[PDB]
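Engineer: just to be clear, this is only the beginning of the complex, oriented as in the whole thing:
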Amino acid sequence: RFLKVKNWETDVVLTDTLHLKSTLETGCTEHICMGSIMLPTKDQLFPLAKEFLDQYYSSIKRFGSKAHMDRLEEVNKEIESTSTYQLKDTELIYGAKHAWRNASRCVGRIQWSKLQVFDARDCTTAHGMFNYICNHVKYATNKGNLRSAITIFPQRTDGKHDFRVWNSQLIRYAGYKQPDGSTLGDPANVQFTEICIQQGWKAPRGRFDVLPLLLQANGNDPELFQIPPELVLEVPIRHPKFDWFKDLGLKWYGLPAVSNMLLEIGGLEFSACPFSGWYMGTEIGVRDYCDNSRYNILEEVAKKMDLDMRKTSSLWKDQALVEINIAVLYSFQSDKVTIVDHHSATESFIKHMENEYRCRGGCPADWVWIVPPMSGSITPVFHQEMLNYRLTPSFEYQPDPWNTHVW
């Protein structure tokens, strides 16, 4: 029940004690590991609140202090009275940072503690949402020198009045199916686009149309806003060696911002909580450009590179893949927009895991997501055993709102 993790390349062995705080379940049993599956009231609330405050007061070394107890007392009163409660700003700051610290699929967590947190708990309408979201965008892009940030909309109440951002990220390109059979744009967003167009968006019908935001406040029908165009920094993609690369007309956006998750602190659920960091090159070059279901540009690139695409064992896919990724890192670097390569990212997460082991006694990590999708074994996370578990505060998945919102 105290578990060791070994690195098979360095023979370093660490002991995890933190897992023994796991609360949420994994999907796995003694009989069957589910590690590669992408998606598996007053009395419930007080214990959730208690565990949180307890860890909070711990973290500021006033555990068991009058300040501590009083707080527990007050929150307890408040749940009993109001059946919910409100987080102090400091507690909210700490909750958000720790939900990131606990994000076991996130390779970028060495940064966890620098997070800029923006409290949008006073917001009441969709327009107020849009304004808060634009400031977050601007702050975070910071003219290409990206900074971490999260904006936190009012917490859930009776679940009739949810704040949600319908977009799955703040910035993403539209998807249009053609009378042709094929797909113009990002095939990931075809459905969501049908919903913007339903709700009224006048689609430019291009390959790289920034999607409008779709904001729902206080359980209301969501409404549409376009992000100021001048607030969306974009990078045209070129290759340091192939002059013809730019001719593919590719660009990607600089700010990666996840806008569909649910942040749970001390038992309260912030169902609208967009957060943003900066990209690892492979998110774009491998997944975004290369996944069959996405922009799918491998075949077109190999063909410019004049590779023998006649058989798989020439490795022409692997060739073209490396180049597309060279091209991405080089284009962000030339435009001075922050981007991290997968060597550098994983190198730093290994340091991060060691501090977490040293100073926390563990670090939850999901090897399936931590290891980059190209050149796995030449990054150090490959050789690193990781234990995956769920600690709270946490980011959780939640059902897409078009499935559940009634109008």
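Structural biologist: All right, it came through fine. Residues are numbered from 1 along each chain as shown, chains lettered A, B, ... in the order given.
Engineer: helices of the stretch 51-200 of chain A, start to end?
Structural biologist: In the stretch 51-200 of chain A, the segments counted as helices under DSSP state H, counting those that start in this stretch are A:66-82, A:89-102, A:126-141, A:190-199.
Engineer: how about residue A:381, secondary structure?
Structural biologist: helix (DSSP: H, G, I helix; E, B strand; the rest coil).
Engineer: would you mind giving the domain segments of chain A?
Structural biologist: Chain A is divided into the following domains under curated CATH domains: A:16-121+A:148-158+A:262-276+A:346-370, A:122-147+A:162-233+A:397-401, A:234-256+A:279-344.
Engineer: need these in CSV with mean neighbour count, can you?
Structural biologist: (Each C-beta comes from the backbone N, C-alpha and C, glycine too.) Conversion of those to CSV gives the following (neighbours: other Cβ atoms under 10 Å):
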stretch, mean neighbour count
domain A:16-121+A:148-158+A:262-276+A:346-370, 17
domain A:122-147+A:162-233+A:397-401, 17
domain A:234-256+A:279-344, 18
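Engineer: that older thread, TSV for the helices of the stretch 51-200 of chain A, including distance to residue A:354?
Structural biologist: Conversion of the helices of the stretch 51-200 of chain A to TSV gives the following (distance: least, Cβ to Cβ, whole Å):
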stretch	distance to residue A:354
helix A:66-82	31
helix A:89-102	15
helix A:126-141	28
helix A:190-199	40
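Engineer: right, so of the ones you listed, which gets closest to residue A:365?
Structural biologist: helix A:89-102 (10.7 Å; Cβ to Cβ).
Engineer: can you lay out the domains of chain A as JSON lines showing distance to residue A:9?
Structural biologist: Shown next, in JSON lines, are the domains of chain A (distance: least, Cβ to Cβ, whole Å):
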{"stretch": "domain A:16-121+A:148-158+A:262-276+A:346-370", "distance to residue A:9": "10"}
{"stretch": "domain A:122-147+A:162-233+A:397-401", "distance to residue A:9": "31"}
{"stretch": "domain A:234-256+A:279-344", "distance to residue A:9": "14"}
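Engineer: could you say which one of the ones you listed comes nearest to residue A:385?
Structural biologist: Of all these, domain A:16-121+A:148-158+A:262-276+A:346-370 sits nearest to residue A:385, with 7.7 Å by Cβ to Cβ.
Engineer: and that closest one, how far apart are its ends?
Structural biologist: Length of domain A:16-121+A:148-158+A:262-276+A:346-370, first residue to last, Cα to Cα, to the nearest Å: 18 Å.
Engineer: next one: that domain to chain centre, how far?
Structural biologist: In terms of Cα atoms, centre = their mean, to the nearest Å, the centre of domain A:16-121+A:148-158+A:262-276+A:346-370 is set 15 Å apart from its chain centre.
Engineer: do the same with stretch A:398-406
Structural biologist: In terms of Cα atoms, centre = their mean, the centre of stretch A:398-406 is found 19 Å from the chain centre.
Engineer: who touches it?
Structural biologist: Stretch A:398-406 has contacts (Cβ atoms under 8 Å, 6 or more residues apart in numbering) with A:162, A:164, A:166, A:168, A:191, A:195, A:216, A:221-222, A:260-262, A:271.
Engineer: let's bring in chain B now:
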Amino acid sequence: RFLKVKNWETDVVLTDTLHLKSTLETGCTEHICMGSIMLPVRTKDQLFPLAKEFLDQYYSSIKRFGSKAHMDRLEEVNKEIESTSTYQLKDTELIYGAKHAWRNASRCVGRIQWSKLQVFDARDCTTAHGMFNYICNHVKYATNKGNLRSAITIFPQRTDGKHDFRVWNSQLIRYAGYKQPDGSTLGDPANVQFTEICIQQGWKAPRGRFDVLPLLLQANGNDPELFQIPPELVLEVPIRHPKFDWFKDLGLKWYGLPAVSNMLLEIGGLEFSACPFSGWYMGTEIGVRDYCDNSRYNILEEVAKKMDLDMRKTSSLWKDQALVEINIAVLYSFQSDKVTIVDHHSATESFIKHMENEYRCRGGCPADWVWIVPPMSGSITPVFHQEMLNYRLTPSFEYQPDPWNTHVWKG
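Structural biologist: Now chain B, sitting on the chains shown earlier:
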């Protein structure tokens, strides 16, 4: 229960009813997933159920379930266990056993081939010299002049665990490593220790970068003995690259026969602690792991130097660039000398056809994604987007400790 696995590339959803036979355990709990953890003397008591289970499987598979012959064999085994404490498998059972151990190997990407396995029955083997001979025949039949065939040789089963047959090498064919006084390593770092054991047992080491190891063979729980494979039996391929003429001048070669010699084959509760098996290589095993782990031959820097990539910035992706070249060189050299090899695109596509089949025919295919996904270019191979359920069926291949840690020396 049914369980569904989705493919994210294709939206195909599959259903697994097979995990319902999984008896062994995973290491996972609902509070922790140990899916990336490398490592997850038996009484009559336990044995009969294991025998019966196995034999129900065998008999169902031959469409003879509940037949007299089925029942009589149950009976026979039963009595053999009570009077002798163990039992002996029929040939056809040892054959179905070893086919299924492979079929159930969830870390093996090569399983579309599970039914074409040549099983050599070395159960009458009684000495170390007997083992050498059996193994030499395995290498030669498996190598088949470069047109590789799958094979496994199966020495007698454990009895009281004091008399175990064991091949101390971890693969039948593999290169010496030597630690030097200066800290450096000559040849394959992975095998320094076992190399030190052989030197100690009396091997006279060439001390080269590519010395084939001797076999170290334990029969009947006796101390084990050294044997040189006949060099003429050991196929090797010099590595050259189809455009880079300086690639050959790196001095690389690799052997053609990949053969796992350290696992434990379990059938109907019996335990075969010496059961060398071999297949053919997937290119990445050599050109990614063997050549490019830092803890292995580690030729990355040297290849990138020769390609004269920008190496001052890891974001030039110089490592990724040399990685692709080294792997093209491996697939290229093997194909040129006509030695069987499969690339990772071809290997993983085959496996996904296999795995779908298995869901239709069998109702499942235990698979371990951490292992099944290749170690370069993960996402552009169709396994990456395939959700997989990992679980343990028998018959099966297990890990066993290294014999040097457990062997009781006779002297």
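Engineer: ok, now which residue in chain A is the farthest from the centroid?
Structural biologist: residue A:310 (38.2 Å; Cα atoms, centre = their mean).
Engineer: helix or strand: which one has that one?
Structural biologist: Assigned by DSSP states H and E, residue A:310 falls within no helix or strand.
Engineer: show me where the stretch 151-300 of chain A has its strands.
Structural biologist: Per DSSP state E, counting those that start in this stretch, the stretch 151-300 of chain A carries strands over the ranges A:164-165, A:175-177, A:183-185, A:213-216, A:223-225, A:234-236, A:251-253, A:257-258, A:262-265, A:268-270, A:275-276, A:279-280.
Engineer: is chain B within reach of the second one?
Structural biologist: In other words, strand A:175-177. No. Residues of strand A:175-177 are not located near chain B by Cβ under 8 Å from any Cβ of the partner chain, the shortest gap being 15.2 Å.
Engineer: that strand packs against which elements?
Structural biologist: strand A:183-185, helix A:190-199 (3 or more Cβ pairs under 8 Å, 6 or more residues apart in numbering or on different chains; DSSP states H and E).
Engineer: strands paired with it, and their directions?
Structural biologist: According to DSSP bridges, strand A:175-177 forms sheet pairs with strand A:183-185 (antiparallel).
Engineer: save the strands of the stretch 151-300 of chain A as CSV, and put in distance to residue A:403 too.
Structural biologist: As requested, those are exported to CSV (distance: least, Cβ to Cβ, whole Å):
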stretch, distance to residue A:403
strand A:164-165, 12
strand A:175-177, 18
strand A:183-185, 22
strand A:213-216, 13
strand A:223-225, 19
strand A:234-236, 31
strand A:251-253, 26
strand A:257-258, 18
strand A:262-265, 14
strand A:268-270, 17
strand A:275-276, 22
strand A:279-280, 29
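Engineer: give the contact list for the residue of the stretch 51-200 of chain A found nearest chain B.
Structural biologist: Proximity of the stretch 51-200 of chain A to chain B (Cβ to the nearest Cβ) peaks at residue A:104, 9.7 Å away. Residues in contact with residue A:104, defined by Cβ atoms under 8 Å, 6 or more residues apart in numbering or on different chains, are A:364-366, A:369, A:388-390.
Engineer: which among these gets closest to residue A:246?
Structural biologist: Nearest to residue A:246 among the contacts of residue A:104, with distances taken as Cβ to Cβ, is residue A:369, at 31.7 Å.
Engineer: contact partners for the residue farthest from the centre of chain A?
Structural biologist: Neighbours of residue A:310 in contact, by Cβ under 8 Å, 6+ apart: none.
Engineer: relative to residue B:367, how far out is the residue most central in space within chain A?
Structural biologist: Taking Cα atoms, centre = their mean, the centroid of chain A lies closest to residue A:258, which sits 4.5 Å from it. Here residue A:258 is placed at a distance of 29 Å from residue B:367 (Cβ to Cβ, to the nearest Å).
Engineer: could you do residue A:55 as well?
Structural biologist: According to Cβ to Cβ, residue A:55 stands 38 Å off from residue B:367.
Engineer: many thanks, we can stop here.
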